[PDB]
Amino acid sequence: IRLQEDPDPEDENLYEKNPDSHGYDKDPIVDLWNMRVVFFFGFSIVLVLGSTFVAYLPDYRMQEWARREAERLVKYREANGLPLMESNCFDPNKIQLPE
Amino acid sequence: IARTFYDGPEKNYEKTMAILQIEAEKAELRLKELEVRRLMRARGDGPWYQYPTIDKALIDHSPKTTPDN
Amino acid sequence: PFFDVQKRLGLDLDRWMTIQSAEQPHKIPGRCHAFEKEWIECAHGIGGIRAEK
Amino acid sequence: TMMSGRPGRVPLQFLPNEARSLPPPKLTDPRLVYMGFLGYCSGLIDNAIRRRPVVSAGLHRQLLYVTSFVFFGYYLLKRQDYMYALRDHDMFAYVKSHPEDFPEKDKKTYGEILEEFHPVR
Amino acid sequence: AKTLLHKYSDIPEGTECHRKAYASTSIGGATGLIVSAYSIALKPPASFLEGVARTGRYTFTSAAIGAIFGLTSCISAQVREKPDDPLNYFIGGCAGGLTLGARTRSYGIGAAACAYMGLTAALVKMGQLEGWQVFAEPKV
Amino acid sequence: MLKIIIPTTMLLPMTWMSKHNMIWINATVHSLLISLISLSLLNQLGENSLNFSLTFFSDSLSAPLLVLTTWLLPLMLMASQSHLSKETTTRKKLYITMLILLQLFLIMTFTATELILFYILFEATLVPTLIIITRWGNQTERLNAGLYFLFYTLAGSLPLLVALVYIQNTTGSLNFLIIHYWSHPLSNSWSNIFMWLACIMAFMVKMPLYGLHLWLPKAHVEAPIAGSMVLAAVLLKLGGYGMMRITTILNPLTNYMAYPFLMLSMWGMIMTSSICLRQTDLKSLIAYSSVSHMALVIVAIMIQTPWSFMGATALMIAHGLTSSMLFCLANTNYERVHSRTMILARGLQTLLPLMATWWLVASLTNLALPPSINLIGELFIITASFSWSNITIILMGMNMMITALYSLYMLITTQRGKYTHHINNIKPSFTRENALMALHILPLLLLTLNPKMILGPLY
Amino acid sequence: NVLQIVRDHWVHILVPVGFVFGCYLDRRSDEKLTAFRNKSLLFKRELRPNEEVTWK
Amino acid sequence: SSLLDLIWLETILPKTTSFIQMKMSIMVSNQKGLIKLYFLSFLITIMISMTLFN
Amino acid sequence: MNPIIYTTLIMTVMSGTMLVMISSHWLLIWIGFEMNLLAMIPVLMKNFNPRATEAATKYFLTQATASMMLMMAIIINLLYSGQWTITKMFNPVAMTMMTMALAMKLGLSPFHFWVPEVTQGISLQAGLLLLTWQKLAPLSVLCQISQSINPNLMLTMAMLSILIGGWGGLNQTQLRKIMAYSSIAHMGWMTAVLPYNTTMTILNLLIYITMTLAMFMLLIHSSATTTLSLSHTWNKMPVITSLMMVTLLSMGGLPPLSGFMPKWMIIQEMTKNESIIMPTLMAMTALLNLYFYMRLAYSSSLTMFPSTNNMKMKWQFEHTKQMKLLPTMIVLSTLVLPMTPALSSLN
Ligand SMILES: CCCCCCCCCCCCCCCCCC(=O)OC[C@H](COP(=O)([O-])OCC(O)COP(=O)([O-])OC[C@@H](COC(=O)CCCCCCCCCCCCCCCCC)OC(=O)CCCCCCCCCCCCCCCCC)OC(=O)CCCCCCCCCCCCCCCCC
Ligand SMILES: CCCCCCCCCCCCCCCCC[C@@H](O)O[C@H](CO[C@H](O)CCCCCCCCCCCCCCC)COP(=O)(O)OCC[N+](C)(C)C
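Chains BL, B5, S5, CB, AL, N4, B1, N5 and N2, in that order, are what the protein sequence lines are.
Residue numbers for the first sequence follow the authors' numbering, so the first one is 53 and each next one is one higher.
Residue numbers for the second sequence follow the authors' numbering, so the first one is 121 and each next one is one higher.
Residue numbers for the third sequence follow the authors' numbering, so the first one is 2 and each next one is one higher.
Residue numbers for the fourth sequence follow the authors' numbering, so the first one is 2 and each next one is one higher.
Residue numbers for the fifth sequence follow the authors' numbering, so the first one is 2 and each next one is one higher.
Residue numbers for the sixth sequence follow the authors' numbering, so the first one is 1 and each next one is one higher.
Residue numbers for the seventh sequence follow the authors' numbering, so the first one is 3 and each next one is one higher.
Residue numbers for the eighth sequence follow the authors' numbering, so the first one is 550 and each next one is one higher.
Residue numbers for the ninth sequence follow the authors' numbering, so the first one is 1 and each next one is one higher.
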């Protein structure tokens, strides 16, 4: 040997001391409460509440607003014989081309 | 949800306008400062880059030994 | 870099020796007293860049 | 040296009299709070190095650390603000006095400005 | 140094290939002389003849690299009829790198020198075209 | 954004002041609460971004990345408490502190409104990662891995700093909104070519780009489980986010300068899938899968169409979740047998049923299986590349085939077959490990249910 | 007893008070950007009889 | 895996640069600590700065 | 050496530097340089041994040669202008002589060898004082005469300094030699930014002084002069190794640590004047400095080297002498990036 080194320790098994071990901590009470808080908060709170919150987030992307606006424009334009899609985005009168 | 957690679109819109105004003013000021620095260093007619010269209060104007100074 | 203690305190530690147009003993004039005086008076208060130009 | 040798500059003066016309920093300034945080970190590191309880021991020493850092930070902030105000003042005065160098330009709308279009395909 | 660089630049890029080769060889010779002087100063030779041999070796390596670079770049620009093209300088730089590898008797040194010197020479040409300056004059 | 930044800076003193046995519980609980709070950022506008102040803003590209980071922190805490049982209290607290600092830097990185502040933060993320790798890694190669990771990233990023300060001097501002509104075309000149190269090369090294990727296997194999989780899930997404941000000012030069990078990305995607086919190490297999997927994202960003950007964002989120899950599963196996070789342990399906189920689900998501968001992103990228050119479909099809091959090969090797006879220390799966896998997998399926939340601003 | 509980569980309020302080600072940052409030061309309107500002 | 990843992509970028830096470091730091040698170097530097810098 | 003699020699060194920094006359500046060197030699030779004697001899030879060249430049400048005031020099030959003399005093390449040699020769306190104060004075002179500095010569010497520092630090194992090469690289950065913004030069000087003081005082605290001697510190005082690691990361320029601020501001200032190749090369070359900082950090903190058996007695005993301002230096060298705009106050 070239050093005074400790022997490599044996693997420590949580099931030996605690048959009903959740694998969080050595202390049974701390391990049980760690499991309870992780499961409760993560699954219940985050998963369920965040999923339903995201599902019922208000339509701030204006998807339904845009659909209603398009319905109104289509109705007005096809009632008056105008093209449904305008040919130009801007006004050529307000655009001044170089000579 | 909209009542409790979020505000109306006007707040974000007008805050964005204020932020854009501040940032545009800052960009204009930065470019103008660069131009001013360049001109002042090239010419030397402003308060900046005024490297010292000898003070004329040191000169002795009393008559000397020799008439021609 | 340059801490102008002399100018701040009103002292005179080497400004008497900086130039040859200053007060000399027995009022002995320098060789180029007139030219140095003219150049210093021209260049006073305009800075290095304008002084050189 | 840009602002060294500026006319009327009193040597070795941390804060001149012309800086008294500016708004002083608020005592609850975020920068002052950060200076206090640096002082507290210094106190904690002192306890750790001397092997005392880091958060418990030397409360008077930690208080002195924080107070000194906040004091010097307040004065440093005053000087920094004064120097920046001086720079802005000089820049504005120079632009005002050199109109041929800083001319107002006619503003053309995007309807009159021609820009090349490069398709993405 | 500045005079040699000015001569090299004053010779037009696509013409006078012998003059370009002579100018680049002179620049390389001066560089090799300086390198040999520093090598002799910092690692003294065992003898005067050994010092002269080392000086000649370094100077000839540098002069050969310069001559090959100038010849290859001028010839490439002349045959391609494309002055102000960094590809000519890249070819010259890799040719100089191959010359260095041949001088040092090392394929790996030759390949690495070809790559690095080609990139450097192309960058020099791009800087000459675009106005890039290494030691920029103070302003602002 | 301060309502999310300050709770992390309060996770710091809480972790350092809590009792010796309550550190994991407190850190996990409050990280989950912070993730719940950060879920509120997904409510974005259709017109512009969420401009909180002059310093922080949120967009449809930043919001899912922030949610992913905040959700990823507690999972790293669970894995860490798995493998750090015998550590001292001070070193446990230092480990949690490094994780918290990394999360804070990532949050401010994704929410920064200036390119220079973004640069400072995204370079500050290297220090906690390097410390974690080179300090809590298991094997000898952690030191070399840290050196490779650090120097690759810095050699990429320094020209980016020079280019950013140059652009600020040229235009007056580095604010993203200003440079988007005041953008001007980039002329075809050598100076513009090299500015383009500086910015793009920084983020390509961060991606990584094929040929610039060796640091990724080195670092991901040799880092601890938390380091591997954060490196693949989030830190690879800084390059994609940066490229999706900076390319505003690089047009129209991107049309001409993207050819070498597109060819490198496509061919290297094929090459890294083929490498995965013949890997003797499980962690290396997962790392090269990460390289392949990020090459696909690079292709999407370079072709730069509205259909490609949505695919890029979706694929980034999906890859983050899937790679994190795969690393966790491989780490559980490693904790069983103390080795990373793939063929050392077999029959783990007949020894551990539920872990076999988790392996099946993770491997199914690793390949593009519909309707998972992995497939959504990959399909959008493939469609945009098809509109770009009609041989990209050939390359993408080859990549998909090889991806399925190596994913199912890994599953079959590790799980199916007969168990190794002499390995008799394979204890039943822990509730902690099962909960970790569930928390990795359930949000992915929920995202599949609601896919418009991760498709970016172009949606 | 109860004193030991607070002695050990006083750290669980750190993150909640940090969140409250962050919300307060967000409001403070918002109140300094009220330069175009009720002044944008798109959202400019007359004030209601019993309101001082359009938004806070 | 072998020809490209483990060999040539390692040789081009990280290995060649590291080898060059190591060689240059050995060259720079391999000095015998002789005042005669590095003062002769000072003399050469002075001559070069005088002549080549105008 | 008597404590009174030591403190009066330190006072004389500081008086020489202050005379240099307050004098408006070239003769008085030269007098300050001479006084500083004369009082600095015994400080180097305080702990008598052949290595200290050799280091002091080499330091004296180099500084005396530099002073002779500087006085020659002063006389030549007087010849062509008749002016003694320290301003823009009126003769290019005199300016080149002055630049080379001040570079030799600062240790800029190719006048660098004496810096690692002397630093290895002398003790930790002597090396700390040497680096800090003896960089402080000539930089003040250069800042005063900045407007006539030849940019080509100054930038050439600065880039050579950065390259040489990186490579030497790569090769070295002794902590004092590592610190010397770090000093060479930082001086290179400062003088590179010198012809553009003396304010940025001063900022880099202050940050470098803070980091160097913190590092040298940590080395004095741990009593480590080699890498392996520093490798045992984790077993006696593990906090010192953590602070040294964060200080080393700061010195490498990693954000958000204080060592990033000088590099960032210098790159910005140089790019304002249309310098791109020089800032890019300077930024890329600092990776060598970071590499040998990281190699030093691996041995001290991030890994646990074998220890010995008498470390148990060292555990039983406690450190007596208290370092002055060490926590303040450690905080200022790592956590002052948010306070960057104070450089206007420094202006
Ligand atoms: C807290 C968050 C901080 C965030 C960053 C901010 C800057 C740093 C903070 C300032 C400095 C703190 C003190 C440093 C030394 C600490 C030494 C120590 O043991 O500390 C344990 C000490 C308690 O232990 P103790 O019983 O007193 O003594 C135990 C012995 O020391 C036990 O001695 P030992 O012999 O067992 O020690 C062995 C250990 C010794 O290890 C150490 O001492 C490590 C810590 C010091 C390293 C350097 C710290 C940073 C210095 C500045 C550098 C830049 C920082 C930013 C960097 C960004 C990029 C990474 O060595 C190792 O474990 C070696 C292996 C690891 C090496 C590789 C990792 C190194 C990491 C270095 C960077 C760490 C940065 C974060 C700070 C972490 C510490 C707080 O805990 C603390 O000091 C906690 C922090 C203070 C909490 C105050 C709470 C006040 C009340 C609540 C306030 C609420 C907010 C205010 C508003 C009001 C709301 C209502
Ligand atoms: C009626 C009488 C009343 C008298 C009241 C006192 C008046 C002021 C007296 C000052 C003290 C007496 C003199 C002692 C030395 C003075 C030093 C200081 O006060 O002077 C100022 C100097 O102040 C300092 O420079 C500012 C110190 C800044 C410290 C922080 C540096 C910023 C670092 C950036 C990051 C900050 C991180 C956080 C730091 C804690 C300005 O002097 P100045 O003549 O003009 O300098 C000339 C040299 N220059 C031109 C090249 C500059």
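Beta carbons: idealized from backbone N, C-alpha and C, even for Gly.
Would you say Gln14 (chain CB) reaches chain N2, if we count a Cβ-Cβ gap shorter than 9 angstroms as a contact? Output row for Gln14 (chain CB): interface = no.
Taking its Cβ as the centre, do 16 or more other Cβ atoms sit within 10 Å of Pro443 (chain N4), making it buried, or is it exposed? Buried is the call here.
Beta bridge counterpart(s) of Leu50 (chain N4) as assigned by DSSP: Beta-bridge analysis with DSSP links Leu50 (chain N4) to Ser58 (chain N4).
Considering only the beta carbon of each residue, do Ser407 (chain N4) and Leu367 (chain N4) sit closer than 9 angstroms? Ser407 (chain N4) places its beta carbon less than 9 angstroms from that of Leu367 (chain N4).
From the DSSP output, read off the bridge partner residues of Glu114 (chain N4). Per DSSP, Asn175 (chain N4).
Test: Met160 (chain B5) CB closer than 9 angstroms to a CB of chain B1: No, because no Cβ of chain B1 sits closer than 9 angstroms to the Cβ of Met160 (chain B5).
Under the assumption that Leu197 (chain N4) contacts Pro208 (chain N4) (Cβ atoms under 8 angstroms), give the Cβ distance between them as a whole number of angstroms. Not a contact, Cβ separation roughly 16 angstroms.
So, at 8 angstroms on beta carbons, what are the nonlocal neighbours of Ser387 (chain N4) in its own chain, with the 5 sequence-adjacent residues on each side left out? Result list for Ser387 (chain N4): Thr305, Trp307, in chain order.
How about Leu102 (chain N2) and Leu70 (chain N2): do their beta carbons lie closer than 9 angstroms? Closer than 9 angstroms, so yes.
I need the straight-line Cα distance from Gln144 (chain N2) to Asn603 (chain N5), nearest angstrom please. Taking the straight line joining both Cα atoms gives about 22 angstroms.
Can you check which of these residues, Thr212 (chain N2), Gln147 (chain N2), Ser109 (chain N2), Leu163 (chain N2), is closest to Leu136 (chain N2) by C-alpha distance? Residue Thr212 (chain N2) is the option with its Cα nearest to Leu136 (chain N2).
Tell me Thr85 (chain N2)'s beta-bridge partners as DSSP assigns them. DSSP lists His25 (chain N2) as partners of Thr85 (chain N2).
Buried or exposed (CB count within 10 angstroms, at least 16 for buried), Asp47 (chain CB): Counting Cβ neighbours within 10 Å, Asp47 (chain CB) comes out buried, since at least 16 surround it.
Over what stretch of residues does the alpha helix (DSSP H) that includes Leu216 (chain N4) continue unbroken? For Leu216 (chain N4), the uninterrupted alpha helix (DSSP H) segment begins and ends at 215-222.
Quick one: Cα of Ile561 (chain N5) to Cα of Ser191 (chain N4), how far? A straight line joining the alpha-carbon of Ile561 (chain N5) with that of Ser191 (chain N4) spans about 26 angstroms.
Should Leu143 (chain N4) be flagged as near chain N5, meaning a C-beta pair shorter than 9 angstroms? No, its Cβ sits nowhere closer than 9 angstroms to a Cβ of chain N5.
Can you name the residues of chain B5 whose CB is closer than 8 angstroms to the CB of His119 (chain CB)? For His119 (chain CB), no chain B5 residue has a Cβ inside 8 angstroms of its Cβ, as the nearest lies near 24 angstroms away.
For the candidate residues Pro151 (chain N2), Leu19 (chain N2), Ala126 (chain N2), whose alpha-carbon lies nearest to that of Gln134 (chain AL)? Put simply, of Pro151 (chain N2), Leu19 (chain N2), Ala126 (chain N2) the residue whose alpha carbon is nearest the alpha carbon of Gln134 (chain AL) is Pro151 (chain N2).
Let's see if you can read the secondary structure: which residues bound the alpha helix (DSSP H) around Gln44 (chain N4)? Annotation: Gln44 (chain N4) is outside any alpha helix (DSSP H) and is labelled neither H nor E by DSSP.
Please compile the residues from chain AL whose C-beta is within a distance smaller than 7 angstroms of the C-beta of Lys272 (chain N2). Simply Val141.
Could you compute how far the alpha carbon of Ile22 (chain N2) sits from the alpha carbon of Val156 (chain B5)? Looking at the two C-alpha atoms, the distance is approximately 31 angstroms.
Along chain BL, which residues have their Cβ under 7 angstroms away from the Cβ of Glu113 (chain CB)? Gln148, listed in chain order.
Listing by chain order, which chain CB residues have their CB less than 9 angstroms from the CB of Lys54 (chain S5)? Ordered by position in chain CB, no residue passes the 9 angstroms Cβ test against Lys54 (chain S5), which lies about 17 angstroms from the chain.
heavy atom of ligand 1 below 8 angstroms from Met36 (chain CB) C-beta: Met36 (chain CB): no, Cβ never under 8 angstroms from ligand 1.
Run the proximity test for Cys42 (chain CB): is its beta-carbon closer than 8 angstroms to any non-hydrogen atom belonging to ligand 1? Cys42 (chain CB): yes, Cβ under 8 angstroms from ligand 1.
What residues in the segment 127-156 of chain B5 bring their beta carbon closer than 7 angstroms to a beta carbon of chain AL? Flagged, chain order: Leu154.
Alpha-carbon spacing of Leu33 (chain CB) relative to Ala163 (chain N4), whole angstroms: Taking the CA atoms as reference points, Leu33 (chain CB) sits about 33 angstroms from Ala163 (chain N4).
Have a look at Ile174 (chain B5) and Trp40 (chain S5) and give me their C-alpha separation to the nearest angstrom. Roughly 10 angstroms between the two C-alpha positions.
Anything in the segment 126-159 of chain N2 with a Cβ closer than 7 angstroms to a Cβ of chain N5? List those residues in chain order, please. The residues in question are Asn150, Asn152, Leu153.
If you scan the segment 207-244 of chain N2 from start to end, which runs of the alpha helix (DSSP H) of 4 or more residues do you find wholly inside it? The segment 207-244 of chain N2 contains these whole alpha helix (DSSP H) runs: 227-231.
Please tell me whether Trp16 (chain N4) and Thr111 (chain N4) are closer than 9 angstroms, where the distance is taken between their beta carbons. No.
Could you check whether the segment 133-150 of chain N4 touches the segment 44-54 of chain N4, counting it as contact only if at least three pairs of C-beta atoms, one from each stretch, sit closer than 8 angstroms? Short answer: they don't touch.
Around the C-beta of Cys115 (chain AL), are 16 or more other C-beta atoms found within 10 angstroms, so that it is buried, or is it exposed? That one is buried.
Can you give the beta carbon distance from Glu130 (chain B5) to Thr56 (chain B1), rounded, assuming they're within the 8 angstroms contact cut? Rounded to the nearest angstrom, the Cβ distance from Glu130 (chain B5) to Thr56 (chain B1) is 6 angstroms, consistent with a contact under 8 angstroms.
Flag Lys93 (chain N4) as yes when its Cβ comes closer than 8 angstroms to any non-hydrogen atom of ligand 1, and as no otherwise. Indeed, a heavy atom of ligand 1 lies less than 8 angstroms from the Cβ.
Determine, for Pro128 (chain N4), whether the minimum Cβ-Cβ distance to residues of chain CB falls below 9 angstroms. Cβ-Cβ to chain CB under 9 angstroms: no for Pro128 (chain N4).
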